[PDB]
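In each ligand, atom 1 is the first atom listed, and ligand 1 is the first ligand listed. Heads up: numbering here begins at 1 and tracks the sequence. Hydrogens, waters and symmetry mates play no part in the numbers below; they use all other heavy atoms, side chains included.
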Amino acid sequence: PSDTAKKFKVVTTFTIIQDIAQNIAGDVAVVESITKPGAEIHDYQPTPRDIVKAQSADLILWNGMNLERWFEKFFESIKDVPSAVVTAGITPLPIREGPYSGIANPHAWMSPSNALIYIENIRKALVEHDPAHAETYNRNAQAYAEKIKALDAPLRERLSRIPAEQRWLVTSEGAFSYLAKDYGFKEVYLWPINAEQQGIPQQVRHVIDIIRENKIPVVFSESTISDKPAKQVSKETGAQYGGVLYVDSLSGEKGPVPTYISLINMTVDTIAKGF
Ligand SMILES: [Zn+2]
């Protein structure tokens with residue numbers, strides 16, 4: 001097939017988009033993520049090796065919706081490589097309280113129906129910038145979208161033993177708003193979006209309140225942030241610590257969450273197991 005031939009190179013900001021894009025690209029392009037699995041993605045601090053990586057790319061993809069607060073500054077260091085957001089056509093859910101009230105929640109990929117839009121935007125970008133391989137990108141995008149569509153029934157079935165009134169999803173970052181909307185959960189979080197911020201101790205008390213009044217049985221944390229506030233809530237309440245949920249990062253390839261599909265599956269399975 002050729003060990004020497006330089007393939008079209010895509011660099012993504014973080015691992016979820018890398019894996020979605022690699023499924024669309026197949027063996028016709030190579031996709032690499034800037035952030036490493038487990039690394040916090042909202043306020044990531046790029047290195048000089050990161051600049052070298054993106055400079056080597058033919059196309060740079062990012063979430064937008066101000067997810068990657070570092071990206072626009074990072075992109076100043078890149079010359080003559082185009083960049084594209086992958087969330088065009090996504091309906092934002094706003095953050096509802098605090099100093100980020102009204103800012104778009106950037107975690108749109110946790111809705112599998114939204115992931116179809118991610119796939120379409122990535123397909124368009126790949127076809128635009130590497131048109132010689134359009135048939136491969138289109139074939140692959142269609143087959144991957146069908147895989148994602150086929151998740152809806154098993155995911156809903158996996159959550160089907162939790163009656164509507166009990167469907168409370170208590171997490172650390174409020175990163176699950178789109179998933180909660182899709183599957184009919186009421187979200188509760190310890191902070192509305194990852195950031196250096198005040199007010200988490202106050203919110204811990206508020207969440208203990210909500211847990212106690214609704215007798216919610218489980219609370220979670222996520223793979224790139226601290227599990228201490230979540231475990232503070234579980235200690236003070238009848239709720240068990242059920243975490244860890246995956247949203248901002250895949251695991252390593254040898255870890256429990258190597259792919260975007262595995263991420264959606266593991267997050268849903270862990271929620272269901274909590275109940
Ligand atoms: Zn996040």
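- Residues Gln240 and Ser234 bring no donor and acceptor atom of their side chains to less than 3.5 Å of each other.
- For the ring-ring contact (aromatic ring centres under 6.0 Å, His included) test, no residue two or more places apart in sequence or in another chain qualifies with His133.
- The number of protein N/O/S atoms found under 2.8 Å from the Zn ion (ligand 1) is 6.
- For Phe8, there are no ring-ring contact (aromatic ring centres under 6.0 Å, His included) partners two or more places apart in sequence or in a different chain.
- A donor-acceptor contact closer than 3.5 angstrom links the side chains of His42 and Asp248.
- Aromatic ring centres of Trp109 and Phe14 lie closer together than 6.0 Å.
- When hydrophobic side chains of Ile, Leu, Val, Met, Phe, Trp and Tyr are connected at separations under 4.5 Å, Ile225 ends up clustered with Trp168, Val170, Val188, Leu190, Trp191, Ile200, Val204, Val207, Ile208, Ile210, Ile211, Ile216, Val219, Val233.
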